[PDB]
$ cat my_file.txt   # compact mmCIF, C-alpha atoms and all ligand atoms
# COMPACT_ATOMS: atom_id res chain seq x y z
CA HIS E 920 133.95 79.94 241.63
CA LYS E 921 132.11 82.73 239.79
CA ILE E 922 129.93 80.22 237.90
CA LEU E 923 131.35 79.24 234.50
CA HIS E 924 132.51 82.87 234.48
CA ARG E 925 133.75 82.85 230.87
CA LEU E 926 130.16 82.75 229.59
CA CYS I 669 124.76 81.00 196.20
CA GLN I 670 127.01 80.97 199.27
CA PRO I 671 126.01 78.69 202.18
CA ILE I 672 126.55 81.35 204.85
CA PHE I 673 125.05 79.32 207.72
CA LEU I 674 127.08 76.18 207.01
CA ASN I 675 130.23 78.22 206.36
CA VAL I 676 129.93 79.51 209.93
CA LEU I 677 129.28 76.11 211.54
CA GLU I 678 132.35 74.61 209.87
CA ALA I 679 134.48 77.62 210.79
CA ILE I 680 133.68 77.50 214.53
CA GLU I 681 133.90 73.72 215.02
CA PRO I 682 136.27 73.00 217.96
CA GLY I 683 139.60 71.32 217.34
CA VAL I 684 141.06 68.28 219.09
CA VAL I 685 140.85 68.07 222.89
CA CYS I 686 143.05 65.69 224.91
CA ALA I 687 142.21 64.22 228.33
CA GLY I 688 145.73 64.01 229.77
CA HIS I 689 145.30 60.34 230.76
CA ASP I 690 148.35 58.17 231.56
CA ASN I 691 148.01 55.20 229.22
CA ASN I 692 151.22 53.66 230.58
CA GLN I 693 149.49 52.69 233.85
CA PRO I 694 147.24 49.61 234.19
CA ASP I 695 143.55 50.56 233.97
CA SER I 696 141.66 51.35 237.17
CA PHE I 697 138.16 52.68 237.91
CA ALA I 698 139.50 55.73 239.74
CA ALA I 699 141.97 56.82 237.04
CA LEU I 700 139.60 56.22 234.13
CA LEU I 701 136.77 58.21 235.72
CA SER I 702 139.04 61.00 236.93
CA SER I 703 140.31 61.40 233.34
CA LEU I 704 136.79 61.41 231.92
CA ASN I 705 135.93 64.17 234.42
CA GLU I 706 138.99 66.23 233.38
CA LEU I 707 138.12 65.77 229.70
CA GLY I 708 134.65 67.03 230.57
CA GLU I 709 136.05 70.16 232.20
CA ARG I 710 138.31 70.81 229.19
CA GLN I 711 135.54 70.20 226.67
CA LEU I 712 133.23 72.51 228.61
CA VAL I 713 135.61 75.39 227.85
CA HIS I 714 135.49 74.70 224.10
CA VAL I 715 131.71 74.21 224.15
CA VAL I 716 131.22 77.65 225.71
CA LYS I 717 133.47 79.37 223.13
CA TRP I 718 131.69 77.45 220.35
CA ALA I 719 128.17 78.26 221.57
CA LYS I 720 128.98 81.97 221.92
CA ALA I 721 129.96 82.03 218.24
CA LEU I 722 126.80 80.35 216.92
CA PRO I 723 124.54 82.39 214.60
CA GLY I 724 121.95 84.16 216.76
CA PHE I 725 123.18 82.93 220.15
CA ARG I 726 123.51 86.54 221.34
CA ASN I 727 119.77 87.00 220.70
CA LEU I 728 119.18 85.06 223.94
CA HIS I 729 118.91 86.63 227.38
CA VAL I 730 122.20 86.37 229.33
CA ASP I 731 120.73 84.02 231.94
CA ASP I 732 119.35 81.69 229.27
CA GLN I 733 122.68 81.54 227.45
CA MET I 734 124.21 80.05 230.59
CA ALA I 735 121.22 77.78 231.24
CA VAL I 736 121.04 76.03 227.87
CA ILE I 737 124.76 75.25 228.08
CA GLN I 738 124.45 73.91 231.64
CA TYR I 739 121.55 71.61 230.69
CA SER I 740 122.61 70.29 227.29
CA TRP I 741 126.38 69.77 227.62
CA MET I 742 126.07 66.01 228.24
CA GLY I 743 124.04 65.39 225.08
CA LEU I 744 126.27 67.70 223.01
CA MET I 745 129.47 65.96 224.10
CA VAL I 746 128.05 62.45 223.68
CA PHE I 747 126.87 63.26 220.13
CA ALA I 748 130.27 64.67 219.16
CA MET I 749 132.07 61.70 220.72
CA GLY I 750 129.92 59.32 218.71
CA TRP I 751 130.86 61.13 215.49
CA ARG I 752 134.58 61.06 216.35
CA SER I 753 134.32 57.33 217.03
CA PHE I 754 132.73 56.78 213.63
CA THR I 755 135.13 58.91 211.58
CA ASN I 756 138.34 57.88 213.35
CA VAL I 757 137.91 54.18 214.20
CA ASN I 758 134.68 53.14 212.43
CA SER I 759 132.92 52.67 215.79
CA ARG I 760 135.30 49.88 216.83
CA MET I 761 135.89 51.75 220.10
CA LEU I 762 134.69 54.88 221.93
CA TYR I 763 137.00 57.75 220.97
CA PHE I 764 136.59 60.09 223.94
CA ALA I 765 139.94 61.70 223.01
CA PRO I 766 143.15 60.79 221.14
CA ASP I 767 144.57 59.76 224.51
CA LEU I 768 141.41 58.13 225.93
CA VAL I 769 139.99 55.41 223.69
CA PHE I 770 137.71 52.78 225.28
CA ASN I 771 137.75 49.12 224.22
CA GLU I 772 135.26 46.67 225.82
CA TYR I 773 137.63 45.98 228.73
CA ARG I 774 137.67 49.67 229.66
CA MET I 775 133.90 49.90 229.22
CA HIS I 776 133.60 47.16 231.86
CA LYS I 777 136.21 48.70 234.18
CA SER I 778 134.39 52.05 234.08
CA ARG I 779 131.31 50.46 235.70
CA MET I 780 129.05 52.08 233.09
CA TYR I 781 129.23 49.28 230.54
CA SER I 782 125.58 49.35 229.45
CA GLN I 783 125.75 53.09 228.82
CA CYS I 784 128.96 52.64 226.83
CA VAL I 785 127.36 50.02 224.61
CA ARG I 786 124.47 52.39 223.88
CA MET I 787 126.93 55.12 222.88
CA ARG I 788 128.69 52.70 220.53
CA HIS I 789 125.32 51.94 218.96
CA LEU I 790 124.87 55.69 218.43
CA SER I 791 128.28 55.85 216.75
CA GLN I 792 127.33 53.00 214.42
CA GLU I 793 124.18 54.90 213.43
CA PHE I 794 126.26 57.69 211.90
CA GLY I 795 127.45 55.09 209.40
CA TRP I 796 124.25 53.14 208.87
CA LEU I 797 122.30 56.35 208.20
CA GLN I 798 125.15 57.80 206.10
CA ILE I 799 125.09 61.07 208.08
CA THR I 800 127.00 63.78 206.17
CA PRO I 801 129.51 66.12 207.85
CA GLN I 802 127.09 68.98 207.23
CA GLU I 803 124.10 67.16 208.76
CA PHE I 804 126.28 66.37 211.77
CA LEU I 805 127.14 70.04 212.27
CA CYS I 806 123.53 71.25 212.06
CA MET I 807 122.22 68.47 214.31
CA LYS I 808 124.85 69.18 216.98
CA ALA I 809 123.89 72.86 217.08
CA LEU I 810 120.22 71.85 217.46
CA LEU I 811 121.12 69.77 220.52
CA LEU I 812 122.07 72.97 222.38
CA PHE I 813 118.42 74.03 222.09
CA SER I 814 116.78 70.73 223.06
CA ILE I 815 116.39 70.87 226.87
CA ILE I 816 114.49 73.49 228.87
CA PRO I 817 112.88 74.17 232.30
CA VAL I 818 109.19 73.51 232.95
CA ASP I 819 109.11 76.90 234.69
CA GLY I 820 110.27 78.53 231.47
CA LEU I 821 113.33 80.55 230.45
CA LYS I 822 113.78 84.27 231.19
CA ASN I 823 112.90 85.09 227.59
CA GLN I 824 111.27 81.90 226.33
CA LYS I 825 110.15 83.74 223.20
CA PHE I 826 113.65 84.48 221.90
CA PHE I 827 114.60 80.85 222.54
CA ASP I 828 111.63 79.45 220.61
CA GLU I 829 112.51 81.69 217.65
CA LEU I 830 116.15 80.62 217.58
CA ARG I 831 115.30 76.91 217.81
CA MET I 832 112.84 77.32 214.94
CA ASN I 833 115.56 78.93 212.81
CA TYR I 834 117.94 76.01 213.33
CA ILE I 835 115.17 73.58 212.39
CA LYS I 836 114.65 75.57 209.18
CA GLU I 837 118.37 75.34 208.37
CA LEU I 838 118.19 71.56 208.84
CA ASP I 839 115.27 71.46 206.38
CA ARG I 840 117.40 73.41 203.88
CA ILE I 841 120.38 71.07 204.14
CA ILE I 842 118.03 68.12 203.61
CA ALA I 843 116.47 69.70 200.50
CA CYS I 844 119.84 70.54 198.91
CA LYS I 845 120.32 67.47 196.69
CA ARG I 846 116.73 66.27 197.13
CA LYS I 847 114.08 67.38 194.64
CA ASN I 848 111.20 65.37 196.11
CA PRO I 849 108.99 66.11 199.16
CA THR I 850 108.75 62.43 200.12
CA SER I 851 112.52 61.98 200.11
CA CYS I 852 112.96 65.03 202.33
CA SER I 853 110.22 63.88 204.71
CA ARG I 854 111.83 60.47 205.07
CA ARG I 855 115.22 62.01 205.90
CA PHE I 856 113.71 64.37 208.48
CA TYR I 857 112.09 61.35 210.17
CA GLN I 858 115.45 59.55 210.33
CA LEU I 859 117.36 62.52 211.73
CA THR I 860 114.76 63.46 214.35
CA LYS I 861 114.70 59.85 215.56
CA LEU I 862 118.50 59.92 215.90
CA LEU I 863 118.37 63.20 217.83
CA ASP I 864 115.73 61.86 220.22
CA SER I 865 117.90 58.80 220.87
CA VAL I 866 120.61 60.97 222.43
CA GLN I 867 118.34 62.06 225.30
CA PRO I 868 117.78 58.71 227.07
CA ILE I 869 121.53 58.06 226.92
CA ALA I 870 122.32 61.47 228.42
CA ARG I 871 119.78 60.80 231.19
CA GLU I 872 121.50 57.55 232.20
CA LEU I 873 124.86 59.32 232.32
CA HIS I 874 123.31 62.16 234.33
CA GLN I 875 122.19 59.59 236.92
CA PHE I 876 125.58 57.85 236.90
CA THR I 877 127.70 60.98 237.35
CA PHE I 878 125.32 62.29 240.04
CA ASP I 879 125.66 59.10 242.09
CA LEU I 880 129.43 59.15 241.53
CA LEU I 881 129.79 62.73 242.81
CA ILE I 882 127.83 61.86 245.96
CA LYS I 883 130.18 58.96 246.74
CA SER I 884 133.32 60.38 245.07
CA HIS I 885 135.27 60.55 248.34
CA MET I 886 134.70 56.82 248.88
CA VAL I 887 135.96 55.71 245.46
CA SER I 888 138.85 58.18 244.99
CA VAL I 889 137.38 59.96 241.95
CA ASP I 890 138.27 63.61 241.37
CA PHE I 891 135.77 66.18 240.07
CA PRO I 892 137.03 69.53 238.69
CA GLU I 893 135.44 72.80 239.88
CA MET I 894 132.98 73.48 237.02
CA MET I 895 131.90 69.85 236.71
CA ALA I 896 131.21 69.57 240.46
CA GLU I 897 129.13 72.76 240.40
CA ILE I 898 127.01 71.80 237.38
CA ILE I 899 126.40 68.23 238.56
CA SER I 900 125.30 69.32 242.05
CA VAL I 901 123.20 72.33 241.03
CA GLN I 902 121.89 71.84 237.49
CA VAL I 903 121.86 68.06 236.92
CA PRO I 904 119.52 67.37 239.88
CA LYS I 905 116.96 69.69 238.26
CA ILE I 906 116.80 67.32 235.30
CA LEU I 907 116.73 64.19 237.45
CA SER I 908 113.90 65.59 239.60
CA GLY I 909 111.79 66.43 236.55
CA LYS I 910 112.06 70.23 236.70
CA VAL I 911 114.06 70.44 233.44
CA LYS I 912 113.14 68.19 230.51
CA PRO I 913 114.26 67.43 226.93
CA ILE I 914 112.19 68.45 223.91
CA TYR I 915 111.38 65.24 222.06
CA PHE I 916 110.25 65.18 218.44
CA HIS I 917 108.47 61.84 218.76
CA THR I 918 106.52 60.57 221.75
CA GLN I 919 108.75 58.31 223.85
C1 LIG E 1001 130.92 64.02 228.79
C2 LIG E 1001 132.11 62.97 228.80
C3 LIG E 1001 133.43 63.68 228.37
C4 LIG E 1001 133.45 64.28 226.95
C5 LIG E 1001 133.02 63.14 225.98
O1 LIG E 1001 133.72 62.90 224.99
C6 LIG E 1001 131.77 62.38 226.31
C7 LIG E 1001 131.82 61.78 227.76
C8 LIG E 1001 130.53 60.99 228.15
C9 LIG E 1001 130.68 60.40 229.58
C10 LIG E 1001 130.94 61.51 230.66
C11 LIG E 1001 132.22 62.33 230.24
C12 LIG E 1001 132.49 63.40 231.35
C13 LIG E 1001 132.60 62.90 232.79
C14 LIG E 1001 131.42 61.97 233.20
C15 LIG E 1001 130.14 62.88 233.45
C16 LIG E 1001 131.60 60.99 234.34
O2 LIG E 1001 131.44 61.58 235.65
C17 LIG E 1001 130.53 59.89 234.15
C18 LIG E 1001 130.04 60.06 232.68
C19 LIG E 1001 131.17 60.91 232.07
$ encode --input "my_file.txt" --output "structure tokens"
Amino acid sequence: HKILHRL
Amino acid sequence: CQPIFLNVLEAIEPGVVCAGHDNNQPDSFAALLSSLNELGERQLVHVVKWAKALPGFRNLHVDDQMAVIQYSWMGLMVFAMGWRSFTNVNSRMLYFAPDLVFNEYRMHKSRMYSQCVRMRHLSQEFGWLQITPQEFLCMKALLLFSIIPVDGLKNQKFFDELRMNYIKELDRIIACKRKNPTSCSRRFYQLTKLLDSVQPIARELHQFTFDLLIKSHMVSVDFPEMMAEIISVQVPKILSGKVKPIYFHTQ
């Protein structure tokens, strides 16, 4: 998960 | 003088992205849509890396950086796909990826035929309007800053300033070989109309993918992690009227 993460 | 802004846009433009589709198998709704979803997930990775390298993007609040990407990805990807279709196959087909090209038969099989025809019309416009590679690059960047929440962004001020700067760069590119105010004005009208046209198309696709996710288990269509999250959390905000595009013209 962790949203898009690589933002 | 050195065109610093344009030098940067050309330098960061993403390379080729493949969908991983098996073109040896007969076409089916499930396989075609699952591949489009995977291409979306793969393109999302390149869009994030691209956006983070845009002039001034870091001026935005961290939460807004994520938000603008989550709201405008559909329009950004559709615009780029239309350009690829024009440059690679003269709009004869929809060039989603080297390994995922849609002819009319596939448009029909995908169950989103009407939307596909509208995207082909967009592709044709790149040729009819003689859009230059440089205009394409500036317009695509502007699309990242064309959809916002009615409730406002964390730092709406920084966003408004950045958007204004990209509009100014578009004015500059238009004035390059044009030494007449009327000629520049006419071109700005044409380009803003083209940009507005992307929004209604993106809205139809937003509705289509939303409905598909809700019934995905019934039609055997797979949605990757990021796509499923964005379509169930962010997309409904646009469909319910909480997030809306910024139109240049009224319509
Ligand atoms: C953005 C993509 C994938 C990237 C691209 O080239 C444009 C294209 C437009 C249709 C989208 C597709 C991603 C997956 C979606 C959202 C499907 O669920 C239905 C509509 C598809």
$ closest_residue --input "my_file.txt" --among "I:803, I:839, I:897, I:731" --to "residue 921 in chain E" --atoms "only C-alpha atoms"
I:897
$ residues_near_ligand --input "my_file.txt" --ligand "ligand LIG 1001 (chain E)" --cutoff "10 Å" --atoms "only C-alpha atoms and all ligand atoms" --output "PyMOL selection string"
chain I and resi 685-687+700-712+741-750+752-753+762-765+768-769+778-780+783-784+787+869-870+872-881+884+889-892+895-896+899
$ closest_residue --input "my_file.txt" --among "I:676, I:734, I:841, I:699" --to "chain E" --atoms "all atoms listed in the file"
I:734
$ atom_distance --input "my_file.txt" --atom1 "CA of residue 717 in chain I" --atom2 "CA of residue 680 in chain I"
8.8 Å
$ axis_aligned_box --input "my_file.txt" --around "chain E" --padding-each-side "4 Å" --output "lines of an AutoDock Vina configuration file"
center_x = 131.9
center_y = 81.1
center_z = 235.6
size_x = 12.0
size_y = 11.6
size_z = 20.0
$ interface_residues --input "my_file.txt" --of "chain I" --to "chain E" --cutoff "12 Å" --atoms "only C-alpha atoms" --output "PyMOL selection string"
chain I and resi 709+712-721+725-726+730-738+892-898+901-902
$ atom_distance --input "my_file.txt" --atom1 "CA of residue 858 in chain I" --atom2 "CA of residue 817 in chain I"
26.5 Å
$ atom_distance --input "my_file.txt" --atom1 "CA of residue 826 in chain I" --atom2 "CA of residue 739 in chain I"
17.5 Å
$ closest_residue --input "my_file.txt" --among "I:698, I:850, I:871, I:801" --to "residue 885 in chain I" --atoms "only C-alpha atoms"
I:698
$ closest_residue --input "my_file.txt" --among "I:796, I:819, I:789, I:723" --to "residue 679 in chain I" --atoms "only C-alpha atoms"
I:723
$ closest_residue --input "my_file.txt" --among "I:805, I:844, I:775, I:812" --to "residue 682 in chain I" --atoms "all atoms listed in the file"
I:805
$ closest_residue --input "my_file.txt" --among "I:848, I:696, I:814, I:755" --to "residue 773 in chain I" --atoms "all atoms listed in the file"
I:696
$ build_atoms --input "my_file.txt" --residues "chain E" --atoms "N, CA and C atoms" --output "compact mmCIF listing (two decimals), in the coordinates of the input"
# COMPACT_ATOMS: atom_id res chain seq x y z
N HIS E 920 135.40 80.17 241.86
CA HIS E 920 133.95 79.94 241.63
C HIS E 920 133.46 80.81 240.47
N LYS E 921 132.65 81.81 240.79
CA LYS E 921 132.11 82.73 239.79
C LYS E 921 131.50 81.96 238.62
N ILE E 922 130.60 81.03 238.92
CA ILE E 922 129.93 80.22 237.90
C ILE E 922 130.93 79.82 236.82
N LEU E 923 130.46 79.60 235.60
CA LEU E 923 131.35 79.24 234.50
C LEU E 923 132.27 80.44 234.26
N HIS E 924 131.77 81.62 234.61
CA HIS E 924 132.51 82.87 234.48
C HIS E 924 132.75 83.33 233.04
N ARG E 925 133.44 82.51 232.26
CA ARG E 925 133.75 82.85 230.87
C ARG E 925 132.57 82.65 229.92
N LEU E 926 131.36 82.90 230.40
CA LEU E 926 130.16 82.75 229.59
C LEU E 926 130.07 83.86 228.55
